[PDB]
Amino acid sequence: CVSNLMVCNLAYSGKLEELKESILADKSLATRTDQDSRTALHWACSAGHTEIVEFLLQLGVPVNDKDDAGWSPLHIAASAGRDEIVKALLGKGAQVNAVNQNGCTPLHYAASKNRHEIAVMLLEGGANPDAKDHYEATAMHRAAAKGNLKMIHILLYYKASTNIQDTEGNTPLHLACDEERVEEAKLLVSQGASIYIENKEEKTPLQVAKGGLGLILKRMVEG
């Protein structure tokens, strides 16, 4: 029972037939916003109900409206891992470089939650891989820190930068090293991530690294 508007609950529940029934009675309900500034579309994205999303999109409804927290439908769908809803959303003009109130794009959440195929869709649909959030962090920061090896390959293929620094001065390499993400750190270094950049604490990814991972990285770069 996630909303104060019944239509929204019907979209979350997946009750497509009473959702259509409410909306023939009152066309306005397909775009009416609840207390979180969400419509039926947001909630159907959240629950992954593709047929209900597809129905609303045909109806002509807005695709890019952000809720109280700044989440667009695309944000919700990318995060929740709704492969086909993302596809539909993008097909209907969804904004791929949309930002929520923390400064996150959909790709940030795809990267973080390991959504490989959604990441590909977003990037192939025009997403900026170097988009920085309010802490100046990228998708690559998130992938490196979580240890998402395949996601890093994706980001790198679509020309993500490896040496962007967050508010703390850390690059993705710093984070990979800090979380003992070995293969992810080697991958980064092999495609040019710097072992020399210092975070705002004056430490390099090597100095942050443990178990002589730093030694491995140092030999990759220096001989």
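In this text, residue numbers run from 1 along the sequence as written. Between two forms, the rigid core is the largest collection of C-alphas that superpose within 1.5 Å.
* Using RMS Cα distance over all structures and residues, flag whichever of 48-56 and 22-30 lies farther from this form in 7 other deposited structures of this protein after a core fit. => Between the two stretches, 22-30 moves farther in 7 other deposited structures of this protein.
* Asked: Do the C-alpha atoms of 208-216 or of 14-22 have the higher average B factor in the entry?
  -> Mean C-alpha B-factor is greater for 14-22.
* Look over 55-63 and 32-40 in the entry and identify the one with the greater average Cα temperature factor. => That would be 32-40.
* To do: Going by the recorded CA B-factors, say which third of the chain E168 sits in, lowest, middle or highest.
  => Middle third of the chain for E168's C-alpha B-factor.
* Chain third (lowest, middle, highest) by recorded CA B-factor, residue given as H49 -> According to the entry, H49 has a C-alpha B-factor in the chain's lowest third.
* To do: Tell me, lowest, middle or highest third: where does the Cα B factor of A185 rank within its chain?
  => It belongs to the highest third of the chain when residues are ordered by C-alpha B-factor.
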